[PDB]
Amino acid sequence: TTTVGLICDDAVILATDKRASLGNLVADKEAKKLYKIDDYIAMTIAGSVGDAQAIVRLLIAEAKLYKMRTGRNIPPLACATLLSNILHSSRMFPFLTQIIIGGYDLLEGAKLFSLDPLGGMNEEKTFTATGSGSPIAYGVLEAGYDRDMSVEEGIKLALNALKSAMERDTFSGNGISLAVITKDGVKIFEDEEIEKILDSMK
Amino acid sequence: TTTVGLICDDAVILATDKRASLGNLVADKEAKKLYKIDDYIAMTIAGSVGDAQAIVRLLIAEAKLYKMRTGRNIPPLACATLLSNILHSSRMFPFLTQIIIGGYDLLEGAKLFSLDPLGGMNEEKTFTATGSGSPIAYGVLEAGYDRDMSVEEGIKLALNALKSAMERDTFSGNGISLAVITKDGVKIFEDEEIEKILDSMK
Amino acid sequence: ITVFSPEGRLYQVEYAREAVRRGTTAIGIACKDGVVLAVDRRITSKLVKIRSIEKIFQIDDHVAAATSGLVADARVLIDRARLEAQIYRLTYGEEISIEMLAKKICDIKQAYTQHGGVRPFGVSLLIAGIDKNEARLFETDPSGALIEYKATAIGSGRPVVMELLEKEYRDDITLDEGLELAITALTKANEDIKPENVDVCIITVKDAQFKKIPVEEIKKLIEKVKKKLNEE
Amino acid sequence: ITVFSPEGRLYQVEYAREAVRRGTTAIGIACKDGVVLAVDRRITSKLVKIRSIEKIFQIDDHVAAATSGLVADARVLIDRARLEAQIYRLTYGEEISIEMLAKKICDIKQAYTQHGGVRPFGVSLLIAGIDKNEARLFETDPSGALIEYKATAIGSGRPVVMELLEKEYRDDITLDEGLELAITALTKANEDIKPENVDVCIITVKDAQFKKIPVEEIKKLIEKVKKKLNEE
Amino acid sequence: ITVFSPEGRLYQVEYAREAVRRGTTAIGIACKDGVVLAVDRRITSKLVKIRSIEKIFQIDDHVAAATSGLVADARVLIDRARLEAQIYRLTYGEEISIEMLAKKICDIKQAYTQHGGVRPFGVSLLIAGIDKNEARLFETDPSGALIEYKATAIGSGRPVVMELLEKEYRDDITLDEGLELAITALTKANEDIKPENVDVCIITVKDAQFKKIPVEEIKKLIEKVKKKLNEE
Amino acid sequence: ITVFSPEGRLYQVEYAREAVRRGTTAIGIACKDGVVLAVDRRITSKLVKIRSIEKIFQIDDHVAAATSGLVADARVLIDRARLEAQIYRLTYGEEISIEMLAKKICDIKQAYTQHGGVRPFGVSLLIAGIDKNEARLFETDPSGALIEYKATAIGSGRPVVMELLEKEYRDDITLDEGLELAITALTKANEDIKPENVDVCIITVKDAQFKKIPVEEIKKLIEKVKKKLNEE
């Protein structure tokens with residue numbers, strides 16, 4: 001339970017922590033928390049599993065459908081405004097869960113959207129994070145982020161947020177996953193290769 | 001109330017504890033917690049009996065239907081994403097119970113999926129276990145399991161999870177059941193033969 | 001807003017039968033060793049993968065059924081029997097009795113008869129299975145059918161064979177004995193049958209299980225046939 | 001969206017009546033020892049398991065009925081009388097009162113008569129049971145039927161025997177005295193009935209219980225019949 | 001309040017068939033390398049941006065279909081096929097099997113046959129795609145349709161080519177071997193077809209994906225054509 | 001309880017069409033600088049405030065449409081497009097796509113075609129605006145209409161101009177180039193048109209916005225017209 005999104009120059013980066021947290025017991029040594037919905041957009045779940053679980057699927061369809069019914073791949077800041085609505089519907093109702101969505105708008109470029117269980121949605125211009133151990137991860141970024149830090153100096157800083165939180169939060173911190181969405185696509189990093197980086201770091 | 005799932009080379013191993021636990025009182029000296037839904041898939045229930053109970057029948061029937069309507073034996077990772085959906089239907093509602101589904105994908109090989117009451121699902125690549133006395137069994141695996149092990153080295157380690165938990169959990173630990181799903185089928189072990197093993201063991 | 005007749009019979013109902021007797025033909029046969037079905041698709045053009053022409057449907061691990069009429073009301077009636085079937089296994093645990101299964105969807109067909117604004121089903125059905133060691137066969141009518149045959153046929157060449165069988169059949173016939181029965185029969189009504197224009201399903205009581213038959217098994221038996229077009 | 005007539009009578013209902021007088025014949029008979037039913041299936045082709053040609057139904061441990069009309073609407077009424085039959089037993093505990101059970105599905109039958117979009121049931125029923133030491137027999141009609149006979153019959157050979165019985169019945173006749181009553185009667189309408197073309201169901205009042213008669217009891221009684229075709 | 005025929009056939013249904021045989025022509029072709037579709041819009045006036053005359057629709061990342069009949073009922077069926085499909089993908093995860101997807105809208109279409117107050121859809125469909133390494137092709141009829149062709153066509157010129165293909169197709173033909181097939185055929189029924197009056201959508205099995213053909217590839221292949229109007 | 005034709009066509013549908021070909025005329029033209037519409041109200045008597053004759057409606061800041069057919073079904077379709085248009089903007093945030101708005105009201109109109117008890121709409125539509133730098137035009141029909149025009153017309157003198165445009169239009173024509181186009185066109189069908197009998201509304205892609213044209217601008221342009229009634 002800990003994820004991170006930030007805009008860095010060209011595109012947008014996201015990261016999680018494959019740790020699942022059954023109260024006292026550590027339940028999943030590798031729990032996916034980062035999902036691609038559409039060739040141009042991807043999101044990150046934080047919180048209620050089987051809840052955020054469905055909201056994924058019960059959203060991916062809606063995409064690879066809008067896509068179809070109207071060419072343009074559901075422009076991200078539209079799809080987002082779905083969740084603000086897909087959420088808020090269950091306000092009267094027991095919904096819940098966190099969420100970050102980012103994607104490269106056909107034209108408007110890169111975009112990054114935070115999101116609460118109620119339905120509050122906010123476009124983040126800089127960097128935002130969510131997850132049991134988020135405020136940890138947060139300090140990192142808010143004293144490690146500049147307006148224009150390379151396609152690299154971002155996915156570095158990204159990890160390092162998790163590095164911190166993962167090892168200063170009872171709930172986060174088992175393995176790590178990451179993808180970067182950019183104009184021409186969305187890259188799910190196959191575990192093995194991620195690693196290289198913090199090897200090439202400190 | 002204690003189950004174990006793990007992948008070992010070829011296929012997948014599942015085991016439970018035939019112990020029904022009615023508060024202070026030991027209610028069933030032999031209660032199934034391991035069901036074969038389809039010729040290539042099977043599962044383990046943990047927790048609220050009458051609840052999981054139905055969830056089994058209110059499922060097998062959805063398998064041995066999908067099999068028919070479209071040949072292919074409900075591909076495991078598909079049948080799973082039902083439960084993820086089936087449960088979550090009752091999120092707004094009172095649902096509950098644990099669950100491991102383990103079956104051989106027509107093509108994609110062996111699969112092992114974990115499942116919380118809400119609807120949280122994860123594919124467990126290595127090993128996973130659940131039950132009143134899960135974290136006991138767990139510890140066993142997390143320090144007695146190697147990528148490769150064997151057909152044999154699995155069902156051994158397998159018992160020896162239950163063996164601990166079953167004698168260190170007030171609620172688990174009466175009798176033991178075991179079946180293995182592999183490409184060509186699913187074997188329910190008729191108690192008597194199970195026993196053979198820990199004899200040949202220590 | 002349906003119909004009823006001016007003297008004994010019933011309008012739409014009998015008109016919808018015709019739909020069947022016009023349909024593709026298909027014979028079902030009982031025995032003692034199991035039970036096997038077969039249908040004579042009349043695929044003319046050869047641009048249509050034969051796999052699609054669905055004339056026989058599985059309904060449970062142990063009971064299947066064969067169509068004849070319009071395939072409009074073929075399917076819908078099966079992904080619904082297939083339905084009324086697992087429901088039952090679910091609120092009991094019993095592989096649903098065949099006589100029951102039949103007595104269900106045939107009741108449905110019957111309600112569609114007598115209700116405002118709804119034409120009956122343009123189909124008759126051939127259901128066979130293993131009702132606990134007892135391999136049995138039934139024929140459905142677009143308005144109820146209590147007909148448990150030891151063997152019969154429906155569709156195109158109904159009387160052709162539905163009266164061939166009329167004689168030589170017998171209550172001991174084995175499976176490989178009934179083997180030919182249908183093949184030879186089916187040929188009578190189809191003077192020129194492609195050897196795949198056809199479909200074979202076996203359900204042996206010897207295991208409560210349903211099996212297929214590959215092409216050319218079909219043909220290699222459609223051979224004991226050229227010795228039937230002679231002074232007969 | 002059904003019907004009514006231009007001068008007293010009633011369209012569909014009577015057209016639906018016919019459908020019965022067309023169907024298979026059937027006879028039921030009261031008495032004082034119980035009461036018994038029998039019907040004359042007219043199973044022409046011998047390719048059909050006589051077991052599935054269902055023409056008599058049990059409704060409870062102590063009550064049962066025999067059909068006539070179309071079988072589509074045979075079952076649907078019984079697995080609907082069978083229901084309203086156990087419902088009652090559950091909301092009181094009383095083996096449901098025959099007079100009441102009848103008064104029920106006959107009501108139903110009626111309601112389908114005056115309602116938009118639905119055809120009255122093509123069936124007359126012969127209900128017989130033990131209503132507390134009182135064994136009785138009723139005839140239903142495709143729209144209400146307050147008829148409690150001492151014996152009657154429906155279907156094909158309605159007039160043939162529903163006018164044979166017209167005379168020689170006695171408010172005395174026993175069970176084994178009404179034995180031949182319905183067999184002989186039944187023979188009249190069907191010159192040449194197979195001895196299994198017929199079903200028998202006995203409900204002695206002396207145990208509130210319902211029993212079957214085996215084949216060739218059927219025949220060995222259809223024998224006192226050849227002495228009935230002589231100058232009569 | 002729809003219809004049924006007085007002897008086998010079925011009123012509104014067939015009348016609606018025609019609606020199709022009157023619509024635009026459409027050809028679908030399977031193979032072993034994937035599958036390709038193409039349709040002959042007959043855009044008369046040249047004041048209409050050809051981009052709107054949608055005659056073909058993608059229904060998933062891996063399966064799409066082509067329309068023929070009235071565009072009223074075209075869209076509605078697909079803005080609803082595109083729907084049953086993604087529902088499935090969320091209540092399973094599986095890119096929806098093709099034989100099922102068909103077996104859904106061709107189910108609705110059947111439901112619109114036998115129900116109070118509603119006209120069947122004026123349309124036949126051609127559905128193709130990649131069902132797990134298996135590329136296939138389906139034809140729908142305004143009332144149920146289990147016809148899985150290796151290749152076929154619907155619309156204005158059904159018999160022209162739906163009886164050209166009759167011969168020279170092969171359970172071998174590749175994609176670029178089937179390149180021409182559909183182009184060349186379609187010309188047969190349309191003497192003088194604008195290159196762009198036509199649409200081309202390719203779903204290779206070699207990647208489970210759906211591609212487009214630009215104008216002039218169209219034309220540059222409508223050129224192997226002037227050698228087909230000679231003594232033939 | 002609507003209709004369907006005995007051979008391909010469809011009853012009410014076309015009858016509803018005529019209603020349009022009888023209604024008031026209207027032309028919409030695309031271009032490259034935006035998109036402009038216009039209509040020839042045929043206000044005879046001069047006792048009716050011309051401001052009430054509503055023939056062109058705004059649908060959003062960026063998209064608007066023009067009506068033709070009966071004014072009963074005019075409004076209702078718009079005070080409802082005007083709905084399905086702000087609904088979308090609400091469940092997304094996007095100024096609703098024009099090929100989507102169209103395909104919407106146009107899908108409804110369709111449903112009104114095939115459903116028990118309800119007469120399709122007596123109107124064809126002209127809808128245009130700025131789909132993200134793309135200024136487009138669409139025509140609808142009382143049952144589905146996938147027709148994105150570079151320019152067209154409906155109503156009274158459909159064929160008059162709908163076949164004037166047929167030549168001299170160009171995929172280049174500018175706004176003040178289509179200035180005259182419609183105006184001159186509209187005059188052809190209406191010999192003697194009042195100068196306000198007409199309504200003008202311009203959406204420039206140069207701002208995503210909707211503008212109005214005052215009387216006399218209309219007239220002063222209906223002036224280059226007296227040089228058109230000369231040997232042509």
# chains A, B, ... in the order shown; residues from 1 in each chain; ligands from 1
$ residues_around --residues "region 182-190 of chain B" --least-positions-apart "6" --cutoff "12 Å" --atoms "only C-alpha atoms" --output "PDB file with N, CA, C and O atoms, in the first residue's frame"
ATOM      1  N   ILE B   7       2.892 -23.810  -5.913  1.00  0.00           N
ATOM      2  CA  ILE B   7       3.268 -24.351  -7.209  1.00  0.00           C
ATOM      3  C   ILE B   7       4.627 -25.041  -7.080  1.00  0.00           C
ATOM      4  O   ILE B   7       5.558 -24.487  -6.498  1.00  0.00           O
ATOM      5  N   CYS B   8       4.734 -26.265  -7.588  1.00  0.00           N
ATOM      6  CA  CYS B   8       6.001 -27.001  -7.556  1.00  0.00           C
ATOM      7  C   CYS B   8       6.263 -27.724  -8.869  1.00  0.00           C
ATOM      8  O   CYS B   8       5.783 -28.835  -9.082  1.00  0.00           O
ATOM      9  N   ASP B   9       7.037 -27.086  -9.742  1.00  0.00           N
ATOM     10  CA  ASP B   9       7.335 -27.620 -11.070  1.00  0.00           C
ATOM     11  C   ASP B   9       6.082 -27.760 -11.914  1.00  0.00           C
ATOM     12  O   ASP B   9       5.522 -26.772 -12.380  1.00  0.00           O
ATOM     13  N   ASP B  10       5.645 -29.000 -12.093  1.00  0.00           N
ATOM     14  CA  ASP B  10       4.591 -29.330 -13.048  1.00  0.00           C
ATOM     15  C   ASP B  10       3.263 -28.614 -12.787  1.00  0.00           C
ATOM     16  O   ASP B  10       2.762 -27.862 -13.633  1.00  0.00           O
ATOM     17  N   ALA B  11       2.701 -28.849 -11.609  1.00  0.00           N
ATOM     18  CA  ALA B  11       1.351 -28.401 -11.325  1.00  0.00           C
ATOM     19  C   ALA B  11       1.226 -27.639 -10.008  1.00  0.00           C
ATOM     20  O   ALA B  11       2.097 -26.838  -9.649  1.00  0.00           O
ATOM     21  N   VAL B  12       0.121 -27.884  -9.300  1.00  0.00           N
ATOM     22  CA  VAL B  12      -0.176 -27.182  -8.051  1.00  0.00           C
ATOM     23  C   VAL B  12      -0.732 -28.122  -6.969  1.00  0.00           C
ATOM     24  O   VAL B  12      -1.523 -29.017  -7.278  1.00  0.00           O
ATOM     25  N   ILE B  13      -0.297 -27.914  -5.719  1.00  0.00           N
ATOM     26  CA  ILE B  13      -0.746 -28.707  -4.566  1.00  0.00           C
ATOM     27  C   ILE B  13      -1.648 -27.912  -3.611  1.00  0.00           C
ATOM     28  O   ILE B  13      -1.349 -26.757  -3.282  1.00  0.00           O
ATOM     29  N   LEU B  14      -2.736 -28.544  -3.156  1.00  0.00           N
ATOM     30  CA  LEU B  14      -3.680 -27.938  -2.211  1.00  0.00           C
ATOM     31  C   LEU B  14      -3.961 -28.895  -1.037  1.00  0.00           C
ATOM     32  O   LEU B  14      -4.163 -30.097  -1.262  1.00  0.00           O
ATOM     33  N   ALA B  15      -3.956 -28.371   0.199  1.00  0.00           N
ATOM     34  CA  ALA B  15      -4.280 -29.161   1.407  1.00  0.00           C
ATOM     35  C   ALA B  15      -5.037 -28.346   2.461  1.00  0.00           C
ATOM     36  O   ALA B  15      -4.938 -27.122   2.502  1.00  0.00           O
ATOM     37  N   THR B  16      -5.796 -29.029   3.313  1.00  0.00           N
ATOM     38  CA  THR B  16      -6.591 -28.344   4.339  1.00  0.00           C
ATOM     39  C   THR B  16      -6.584 -29.087   5.651  1.00  0.00           C
ATOM     40  O   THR B  16      -5.788 -29.999   5.851  1.00  0.00           O
ATOM     41  N   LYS B  32     -14.941 -31.335   4.975  1.00  0.00           N
ATOM     42  CA  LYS B  32     -14.310 -30.942   3.727  1.00  0.00           C
ATOM     43  C   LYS B  32     -14.061 -29.425   3.688  1.00  0.00           C
ATOM     44  O   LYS B  32     -14.888 -28.619   4.148  1.00  0.00           O
ATOM     45  N   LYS B  33     -12.897 -29.066   3.148  1.00  0.00           N
ATOM     46  CA  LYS B  33     -12.511 -27.679   2.905  1.00  0.00           C
ATOM     47  C   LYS B  33     -11.769 -27.568   1.551  1.00  0.00           C
ATOM     48  O   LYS B  33     -11.189 -26.520   1.217  1.00  0.00           O
ATOM     49  N   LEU B  34     -11.819 -28.666   0.787  1.00  0.00           N
ATOM     50  CA  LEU B  34     -11.151 -28.820  -0.516  1.00  0.00           C
ATOM     51  C   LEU B  34     -12.067 -29.432  -1.601  1.00  0.00           C
ATOM     52  O   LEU B  34     -12.340 -30.631  -1.611  1.00  0.00           O
ATOM     53  N   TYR B  35     -12.512 -28.596  -2.530  1.00  0.00           N
ATOM     54  CA  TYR B  35     -13.468 -29.009  -3.550  1.00  0.00           C
ATOM     55  C   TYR B  35     -12.892 -28.872  -4.958  1.00  0.00           C
ATOM     56  O   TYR B  35     -12.174 -27.905  -5.265  1.00  0.00           O
ATOM     57  N   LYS B  36     -13.212 -29.852  -5.804  1.00  0.00           N
ATOM     58  CA  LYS B  36     -12.861 -29.830  -7.223  1.00  0.00           C
ATOM     59  C   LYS B  36     -14.036 -29.309  -8.026  1.00  0.00           C
ATOM     60  O   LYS B  36     -15.013 -30.025  -8.196  1.00  0.00           O
ATOM     61  N   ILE B  37     -13.965 -28.083  -8.535  1.00  0.00           N
ATOM     62  CA  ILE B  37     -15.087 -27.568  -9.335  1.00  0.00           C
ATOM     63  C   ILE B  37     -15.127 -28.088 -10.786  1.00  0.00           C
ATOM     64  O   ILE B  37     -16.191 -28.488 -11.281  1.00  0.00           O
ATOM     65  N   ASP B  38     -13.983 -28.096 -11.464  1.00  0.00           N
ATOM     66  CA  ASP B  38     -13.940 -28.577 -12.834  1.00  0.00           C
ATOM     67  C   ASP B  38     -12.771 -29.535 -12.988  1.00  0.00           C
ATOM     68  O   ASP B  38     -11.903 -29.614 -12.131  1.00  0.00           O
ATOM     69  N   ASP B  39     -12.759 -30.264 -14.089  1.00  0.00           N
ATOM     70  CA  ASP B  39     -11.793 -31.323 -14.292  1.00  0.00           C
ATOM     71  C   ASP B  39     -10.356 -30.800 -14.282  1.00  0.00           C
ATOM     72  O   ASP B  39      -9.416 -31.578 -14.175  1.00  0.00           O
ATOM     73  N   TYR B  40     -10.180 -29.487 -14.389  1.00  0.00           N
ATOM     74  CA  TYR B  40      -8.837 -28.901 -14.414  1.00  0.00           C
ATOM     75  C   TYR B  40      -8.575 -27.907 -13.287  1.00  0.00           C
ATOM     76  O   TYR B  40      -7.461 -27.388 -13.166  1.00  0.00           O
ATOM     77  N   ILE B  41      -9.607 -27.659 -12.473  1.00  0.00           N
ATOM     78  CA  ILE B  41      -9.591 -26.633 -11.420  1.00  0.00           C
ATOM     79  C   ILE B  41     -10.115 -27.171 -10.089  1.00  0.00           C
ATOM     80  O   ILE B  41     -10.939 -28.079 -10.055  1.00  0.00           O
ATOM     81  N   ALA B  42      -9.644 -26.598  -8.990  1.00  0.00           N
ATOM     82  CA  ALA B  42     -10.166 -26.948  -7.674  1.00  0.00           C
ATOM     83  C   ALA B  42      -9.775 -25.884  -6.650  1.00  0.00           C
ATOM     84  O   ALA B  42      -8.950 -25.007  -6.950  1.00  0.00           O
ATOM     85  N   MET B  43     -10.356 -25.956  -5.451  1.00  0.00           N
ATOM     86  CA  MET B  43     -10.242 -24.838  -4.517  1.00  0.00           C
ATOM     87  C   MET B  43     -10.231 -25.225  -3.049  1.00  0.00           C
ATOM     88  O   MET B  43     -10.493 -26.384  -2.735  1.00  0.00           O
ATOM     89  N   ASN B  73     -12.560 -25.763 -20.772  1.00  0.00           N
ATOM     90  CA  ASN B  73     -12.868 -25.849 -19.361  1.00  0.00           C
ATOM     91  C   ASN B  73     -12.518 -24.531 -18.712  1.00  0.00           C
ATOM     92  O   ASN B  73     -11.351 -24.229 -18.547  1.00  0.00           O
ATOM     93  N   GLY B 102      -6.902 -23.484  -7.545  1.00  0.00           N
ATOM     94  CA  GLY B 102      -5.697 -24.017  -8.148  1.00  0.00           C
ATOM     95  C   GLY B 102      -6.021 -25.015  -9.231  1.00  0.00           C
ATOM     96  O   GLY B 102      -6.588 -26.063  -8.956  1.00  0.00           O
ATOM     97  N   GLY B 103      -5.657 -24.689 -10.466  1.00  0.00           N
ATOM     98  CA  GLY B 103      -6.016 -25.513 -11.606  1.00  0.00           C
ATOM     99  C   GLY B 103      -5.067 -25.316 -12.769  1.00  0.00           C
ATOM    100  O   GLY B 103      -4.290 -24.354 -12.778  1.00  0.00           O
ATOM    101  N   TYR B 104      -5.123 -26.224 -13.746  1.00  0.00           N
ATOM    102  CA  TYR B 104      -4.188 -26.196 -14.876  1.00  0.00           C
ATOM    103  C   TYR B 104      -4.817 -25.529 -16.096  1.00  0.00           C
ATOM    104  O   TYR B 104      -5.861 -25.978 -16.593  1.00  0.00           O
ATOM    105  N   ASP B 105      -4.187 -24.445 -16.558  1.00  0.00           N
ATOM    106  CA  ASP B 105      -4.673 -23.725 -17.733  1.00  0.00           C
ATOM    107  C   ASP B 105      -4.417 -24.570 -18.956  1.00  0.00           C
ATOM    108  O   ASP B 105      -3.285 -24.982 -19.215  1.00  0.00           O
ATOM    109  N   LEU B 106      -5.494 -24.841 -19.681  1.00  0.00           N
ATOM    110  CA  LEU B 106      -5.425 -25.539 -20.945  1.00  0.00           C
ATOM    111  C   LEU B 106      -4.048 -25.344 -21.569  1.00  0.00           C
ATOM    112  O   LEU B 106      -3.393 -26.321 -21.922  1.00  0.00           O
ATOM    113  N   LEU B 107      -3.591 -24.093 -21.669  1.00  0.00           N
ATOM    114  CA  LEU B 107      -2.268 -23.817 -22.244  1.00  0.00           C
ATOM    115  C   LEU B 107      -1.267 -23.151 -21.297  1.00  0.00           C
ATOM    116  O   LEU B 107      -0.140 -23.632 -21.163  1.00  0.00           O
ATOM    117  N   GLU B 108      -1.680 -22.052 -20.659  1.00  0.00           N
ATOM    118  CA  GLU B 108      -0.782 -21.189 -19.876  1.00  0.00           C
ATOM    119  C   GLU B 108      -0.136 -21.857 -18.666  1.00  0.00           C
ATOM    120  O   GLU B 108       0.665 -21.232 -17.956  1.00  0.00           O
ATOM    121  N   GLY B 109      -0.509 -23.109 -18.419  1.00  0.00           N
ATOM    122  CA  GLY B 109       0.138 -23.916 -17.403  1.00  0.00           C
ATOM    123  C   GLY B 109      -0.599 -23.990 -16.084  1.00  0.00           C
ATOM    124  O   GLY B 109      -1.831 -24.033 -16.037  1.00  0.00           O
ATOM    125  N   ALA B 110       0.175 -24.023 -15.003  1.00  0.00           N
ATOM    126  CA  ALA B 110      -0.394 -24.083 -13.666  1.00  0.00           C
ATOM    127  C   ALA B 110      -0.679 -22.680 -13.155  1.00  0.00           C
ATOM    128  O   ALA B 110       0.032 -21.723 -13.484  1.00  0.00           O
ATOM    129  N   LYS B 111      -1.730 -22.563 -12.353  1.00  0.00           N
ATOM    130  CA  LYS B 111      -2.126 -21.272 -11.819  1.00  0.00           C
ATOM    131  C   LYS B 111      -2.548 -21.407 -10.364  1.00  0.00           C
ATOM    132  O   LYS B 111      -3.129 -22.422  -9.964  1.00  0.00           O
ATOM    133  N   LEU B 112      -2.253 -20.371  -9.583  1.00  0.00           N
ATOM    134  CA  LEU B 112      -2.603 -20.346  -8.174  1.00  0.00           C
ATOM    135  C   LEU B 112      -3.112 -18.974  -7.746  1.00  0.00           C
ATOM    136  O   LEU B 112      -2.356 -18.002  -7.754  1.00  0.00           O
ATOM    137  N   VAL B 151       7.484 -32.567  -7.546  1.00  0.00           N
ATOM    138  CA  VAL B 151       6.153 -33.114  -7.362  1.00  0.00           C
ATOM    139  C   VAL B 151       6.119 -33.613  -5.944  1.00  0.00           C
ATOM    140  O   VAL B 151       5.160 -33.386  -5.218  1.00  0.00           O
ATOM    141  N   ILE B 155       4.291 -31.859  -1.932  1.00  0.00           N
ATOM    142  CA  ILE B 155       3.319 -32.490  -1.055  1.00  0.00           C
ATOM    143  C   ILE B 155       3.908 -32.865   0.289  1.00  0.00           C
ATOM    144  O   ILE B 155       3.185 -33.096   1.241  1.00  0.00           O
ATOM    145  N   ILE B 176      -6.619 -34.277   7.976  1.00  0.00           N
ATOM    146  CA  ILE B 176      -6.021 -33.531   6.861  1.00  0.00           C
ATOM    147  C   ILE B 176      -6.414 -34.040   5.467  1.00  0.00           C
ATOM    148  O   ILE B 176      -6.440 -35.252   5.210  1.00  0.00           O
ATOM    149  N   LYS B 196       0.443 -42.269   4.295  1.00  0.00           N
ATOM    150  CA  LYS B 196       1.682 -42.913   3.883  1.00  0.00           C
ATOM    151  C   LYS B 196       2.849 -41.965   4.059  1.00  0.00           C
ATOM    152  O   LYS B 196       3.906 -42.334   4.572  1.00  0.00           O
ATOM    153  N   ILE B 197       2.635 -40.727   3.636  1.00  0.00           N
ATOM    154  CA  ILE B 197       3.707 -39.756   3.521  1.00  0.00           C
ATOM    155  C   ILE B 197       4.455 -39.466   4.832  1.00  0.00           C
ATOM    156  O   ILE B 197       5.599 -39.899   4.991  1.00  0.00           O
TER     157      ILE B 197
END
$ closest_atom_pairs --of "chain B" --to "chain E" --cutoff "8 Å" --atoms "only C-alpha atoms" --output "CSV"
residue,atom,partner,partner_atom,distance
B:70,CA,E:100,CA,7.3
B:77,CA,E:93,CA,8.0
B:78,CA,E:92,CA,4.9
B:79,CA,E:92,CA,6.7
B:80,CA,E:92,CA,7.8
B:81,CA,E:92,CA,5.2
B:82,CA,E:92,CA,5.8
B:85,CA,E:91,CA,6.6
$ residues_around --residues "region 49-53 of chain F" --least-positions-apart "5" --cutoff "10 Å" --atoms "only C-alpha atoms" --output "ChimeraX atom specification"
/F:41-43,71,196-199
$ closest_residue --among "E:118, E:87, E:3, E:222" --to "chain F" --atoms "only C-alpha atoms"
E:118
$ residues_around --residues "residue 8 (chain F)" --least-positions-apart "5" --cutoff "6 Å" --atoms "only C-alpha atoms" --output "list in words"
residues 16, 18 and 19 of chain E
$ atom_distance --atom1 "CA of residue 168 (chain C)" --atom2 "CA of residue 130 (chain C)"
24.3 Å
$ atom_distance --atom1 "CA of residue 86 (chain A)" --atom2 "CA of residue 137 (chain A)"
27.6 Å
$ residues_around --residues "residue 11 (chain C)" --least-positions-apart "5" --cutoff "12 Å" --atoms "only C-alpha atoms" --output "list in words"
residues 1, 2, 3, 4, 5, 6, 16, 17, 18, 113, 114, 119, 120 and 143 of chain C; 15, 16, 19 and 119 of chain D; 4, 5, 6 and 7 of chain E
$ interface_residues --of "chain A" --to "chain B" --cutoff "8 Å" --atoms "only C-alpha atoms" --output "PyMOL selection string"
chain A and resi 25+27-28+30-32+49-51+53-54+93-95
$ select_by_dssp --residues "chain A" --states "strand (DSSP E)" --output "ChimeraX atom specification"
/A:3-8,11-15,20-22,25-28,34-38,41-44,100-105,109-115,121-123,127-130,178-182,185-188
$ interface_residues --of "chain E" --to "chain C" --cutoff "10 Å" --atoms "only C-alpha atoms" --output "PyMOL selection string"
chain E and resi 1-10+29-30+99+103-104+106-111+113-117+136-139+141-152+162-163+165-167+169-171
$ residues_around --residues "residue 190 (chain F)" --least-positions-apart "5" --cutoff "12 Å" --atoms "only C-alpha atoms" --output "list in words"
residues 24, 25, 26, 39, 40, 41, 42, 43, 155, 156, 157, 158, 160, 161, 182, 183, 184, 185, 195, 197, 198, 222 and 225 of chain F
$ atom_distance --atom1 "CA of residue 131 (chain B)" --atom2 "CA of residue 148 (chain B)"
25.1 Å
$ residues_around --residues "residue 105 (chain D)" --least-positions-apart "6" --cutoff "8 Å" --atoms "only C-alpha atoms" --output "list in words"
residues 77, 80 and 81 of chain D
$ write_last_selection --atoms "N, CA and C atoms" --output "short mmCIF file (atom, residue, chain, number, x, y, z; two decimals), in the first residue's frame"
data_model
loop_
_atom_site.label_atom_id
_atom_site.label_comp_id
_atom_site.auth_asym_id
_atom_site.auth_seq_id
_atom_site.Cartn_x
_atom_site.Cartn_y
_atom_site.Cartn_z
N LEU D 77 -50.85 -28.17 -15.43
CA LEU D 77 -51.94 -28.06 -14.47
C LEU D 77 -51.68 -28.90 -13.23
N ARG D 80 -48.93 -28.04 -10.91
CA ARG D 80 -49.50 -26.77 -10.50
C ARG D 80 -50.71 -27.05 -9.63
N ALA D 81 -51.24 -28.24 -9.76
CA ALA D 81 -52.19 -28.69 -8.76
C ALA D 81 -51.36 -29.34 -7.65
#
